[PDB]
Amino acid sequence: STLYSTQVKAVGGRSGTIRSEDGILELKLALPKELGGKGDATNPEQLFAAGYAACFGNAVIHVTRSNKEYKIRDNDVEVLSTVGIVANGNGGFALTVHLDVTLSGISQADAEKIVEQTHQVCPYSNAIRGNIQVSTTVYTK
């Protein structure tokens, strides 16, 4: 059963607007300068990069807890997502995704094992498996 559901209205594509129905997310969008736009507002790739970095970091927190070896706080987890858009060779586009994951205060080996476990848990990682090959680098700070 559905634990949480949300609606967002988008009008006018990549030059237009988004507004969540509850008003909490309300943003103008622009084409980036690389595509000839002004780049003075966000875009689908940035919104996706943000959703996935946040969800993945959250799931890393949950996996590190319950493994029950380390006593970590929220901000000991940073995820830097790189999301790109490319033509797919079949008249459409694909995303590319890279994640740099930085965990504070745990060993390199444990951090890598935690990130591997998290990739099986995170809803977004499971949403793209078999279509996008996500690449990941793990850092320990």
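One-based numbering along the sequence shown.
Stretches 10-18 and 126-134 differ in mean CA B factor, with 10-18 having the higher one. Note on 94-102 vs 60-68: mean CA B-factor is higher in 60-68.
Per the PDB record, 89 has a higher Cα B-factor than any other of 51, 44, 84, 89. In this PDB entry, the Cα temperature factor of residue 55 sits in the bottom third of its chain's modelled residues, the lowest group. Annotation for residue 30: CA B-factor lies in the lowest third of the chain's modelled residues.
Residue-level temperature factors show residue 76 in the highest third of its chain, judged at the C-alpha atom.
Ranked by C-alpha B-factor against the other modelled residues of its chain, residue 110 falls in the lowest third.
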